[PDB]
Amino acid sequence: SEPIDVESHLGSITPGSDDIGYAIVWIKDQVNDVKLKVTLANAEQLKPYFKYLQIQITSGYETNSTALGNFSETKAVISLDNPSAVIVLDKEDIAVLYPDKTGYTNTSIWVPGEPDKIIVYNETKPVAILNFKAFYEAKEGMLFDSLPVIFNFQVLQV
Numbered sequence: 059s060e061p062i063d064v065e066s067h068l069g070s071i072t073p074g075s076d077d078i079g080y081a082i083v084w085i086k087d088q089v090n091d092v093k094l095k096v097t098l099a100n101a102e103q104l105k106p107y108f109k110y111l112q113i114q115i116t117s118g119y120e121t122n123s124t125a126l127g128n129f130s131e132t133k134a135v136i137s138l139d140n141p142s143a144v145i146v147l148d149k150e151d152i153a154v155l156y157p158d159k160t161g162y163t164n165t166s167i168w169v170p171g172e173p174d175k176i177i178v179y180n181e182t183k184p185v186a187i188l189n190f191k192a193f194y195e196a197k198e199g200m201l202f203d204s205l206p207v208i209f210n211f212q213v214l215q216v
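So for the sequence shown, the numbering used here puts the first residue at 59; every next one is plus one.
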């Protein structure tokens, strides 16, 4: 089937570390595991500009369901000369609520550290949340207010 839909909530680099946002990976209910390629698509475009730039991909979510529990796992670090990474999402990466079972009553899943960014409320709708953090230094003489960050997402296997 077409097993995942990606919802991008990614920002730009604006200064040498900051959160760039997150992508929501909606996973269809029958899917056990997915191998994704995440690529810094505009890496070339940013090279003339940084002394280094590294993006750390972290799979993670928080919740008030005691049955599910919070989860966090670094998956990859990509950089300007190493712009793509293959990410496996399985087991704990795929948060699921079962509203009728104990430990899930009236519970929800949200972006880590952002309890107002509810992603799922009180339903069975499996999801993975990729959280993006950028580590960088501009080159000397390069000053900028913001620069774009373009990601591509490519399903390799399901």
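Quick reminder that beta carbons are idealized off the backbone N, C-alpha and C, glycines included.
- Each residue's CA atom was taken as its position, placing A196 and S142 some 21 Å apart.
- In the DSSP assignment, the residues bridged to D77 are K191.
- With respect to the 8 Å criterion, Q103 and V135 are not classified as neighbours on the basis of their beta carbons.
- Exposed is the label assigned to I176, since fewer than 16 other Cβ atoms lie within 10 Å of its Cβ.
- When the alpha-carbon of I85 is set against those of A99, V154, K191 and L98, the nearest one is in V154.
- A101 carries a helical assignment under DSSP once its states are collapsed to helix, strand and coil.
- At a cut-off of 3 residues, the continuous stretches assigned as beta strand (DSSP E) that sit fully inside the segment 137-215 are 142-148, 166-169, 172-179, 185-196 and 209-215.
- The continuous beta strand (DSSP E) containing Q112 extends over residues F108 to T121.
- Rounded to whole angstroms, the separation of the alpha carbons of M200 and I71 is 14 Å.
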